[PDB]
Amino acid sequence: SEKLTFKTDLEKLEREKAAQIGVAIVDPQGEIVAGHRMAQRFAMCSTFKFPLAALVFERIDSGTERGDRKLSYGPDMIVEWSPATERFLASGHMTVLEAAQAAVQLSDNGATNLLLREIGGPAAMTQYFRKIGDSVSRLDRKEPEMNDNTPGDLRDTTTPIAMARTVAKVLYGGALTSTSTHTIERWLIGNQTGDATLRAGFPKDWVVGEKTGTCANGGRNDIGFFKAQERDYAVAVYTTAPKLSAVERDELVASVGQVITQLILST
């Protein structure tokens, strides 16, 4: 079966790369298409920034936040990998929309913390997950501590199936207005950090958008959506490979993308 090939090929990567690979693919209604270690806990790291943007747009939709609100900050806001936040520092602020775009498309960590402060912190992020029917995903810390990925630590974790269903809810399940949905989808497509990961394993003609993550202890993740053969899918991929190089971890995620492609095209 196509399903057996999918399992076998993922386990081949696990064995040869000494990795753990979590995968969930669901349809727009959140029904399972395929999975691997789908109920296993993995650190979200930067993948959570996609849900964070959804939270922000939900508040914009509800009129309790404005995209043009200026969020002021100083040097203390700058953390490792804050390319946009550093550029805007002299000006003294980034708007909500600028910060959200930087968080999603550049994985800017300063901008992420700036937004977290504005919307109510990890508590607010976790409440949002709960609100959209995700009882699993949880944010406990901010950048950079949330990326520690200490084995067995439940902080700042999700499971592939929980996250994939969250992506589906946000993009296909009416969590946001069509306008806000479209804005986030286009940001995901135009993301600048995912060229070497999941989408490098998908066919050139698929419409795909995604958000990457990188965790200590060899974490490399990618979540998002793709349209293939006129059907829409939500996908979450979490990997851990402590002994691989950074480039090899990119290649691993792209390889998982190729395995996903083979399954999807066989159906």
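We number the residues from 1 along the sequence you see.
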(Q) Going by the mean C-alpha B-factor recorded in the entry, which is higher: 23-31 or 223-231? (A) 223-231
**Q.** Residue range whose averaged C-alpha B-factor is higher in the record, 125-133 or 104-112
**A.** 125-133
Q) If you compare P51, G213, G209, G67, which has the highest Cα B-factor in the entry? A) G67
**Q.** Options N149, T85, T197, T158 - largest CA temperature factor per the record
**A.** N149
Q. Would the CA B-factor of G120 place it in the lowest, middle or highest third of its chain?
A. highest
Q. In terms of the CA temperature factor given in the entry, to which third of its chain does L4 belong: lowest, middle or highest?
A. highest
Q) Relative to the other modelled residues in the chain, which third contains the C-alpha temperature factor of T240: lowest, middle or highest? A) middle
(Q) Please place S46 in the lowest, middle or highest third of its chain according to the CA B-factor in the PDB entry. (A) lowest
Q.
Using only modelled residues of the chain, where does the Cα B factor of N191 rank: lowest third, middle third or highest third?
A. middle
